[PDB]
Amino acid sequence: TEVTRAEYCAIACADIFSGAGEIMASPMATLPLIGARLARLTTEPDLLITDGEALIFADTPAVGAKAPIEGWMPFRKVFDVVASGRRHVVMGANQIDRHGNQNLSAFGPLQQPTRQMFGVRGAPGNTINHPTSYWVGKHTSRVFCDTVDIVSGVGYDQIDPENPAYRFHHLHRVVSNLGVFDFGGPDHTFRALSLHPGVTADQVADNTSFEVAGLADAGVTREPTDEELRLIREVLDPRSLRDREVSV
């Protein structure tokens, strides 16, 4: 079995949801989407998933396909799900720092940015309410920086332990084209869990602005099972749309 970099990324995105149970999986990019649907077809059948617009799917469809539905999830109800905590989102990111602060809003000063993106969207509500993970298709030092310009996703150094309003914050994984990471290093720092086959420690270090905890000892990302490869290649992403979103 020859396994591509995007196929390792797909199974790593499925592993984001290991143990998630009966919660709403909300991937916001193609690789996490394949991953969430792969988890649903293997070890997490109770995940809820949507069409990204307003319909909850009964079955698990291929990327871009319709499937029979099981419920209704318009935007006003998504906010109820966020506030209930019964959700795990996978967001993209223009910047992520060593403690998990994240930016998808804009670059530069808040009232006069040098470049405009979406604004904060749902990132503040996601990060304060329920498990949040991140996907980065091109792992670089511009993404993984010392300080994010605008904190749209709340990192670990923002938490007030005296205020139980912060008790639901949990940043679970960062999956990139180079490996699998979390914030389990000392002081909740960015930590390497695995590197995809063919990725070296120095490749990660050279493309991260800060020190990655446990990088020297991080093993290699697991192999996909035969079933996972079949599901990725034949069922979920037969056109290999995943490759377009995974950089060297």
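One rule holds for the numbers: they count along the sequence shown, beginning at 1.
According to the PDB record, 193 to 201 carries the higher mean C-alpha B-factor of the two stretches 193 to 201 and 45 to 53. Higher mean CA temperature factor, per the PDB entry, when comparing 220 to 228 with 8 to 16: 220 to 228. Each of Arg142, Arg76, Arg173, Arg86 has a CA temperature factor in the record; the biggest one is found at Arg142.
Annotation for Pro109, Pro124, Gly92, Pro131: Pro109 ranks highest, by Cα B-factor. The entry lists a Cα temperature factor for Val148 that places it in the highest third of the chain's modelled residues.
In the deposited entry, the Cα temperature factor of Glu162 sits in the top third of values across the chain's modelled residues. Ranked within its chain, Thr30 lands in the middle third, by CA B factor from the PDB record. Among the modelled residues of its chain, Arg37 has a C-alpha B-factor that falls in the lowest third according to the deposited record. The deposited CA B-factor of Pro113 belongs to the highest third of values across its chain.
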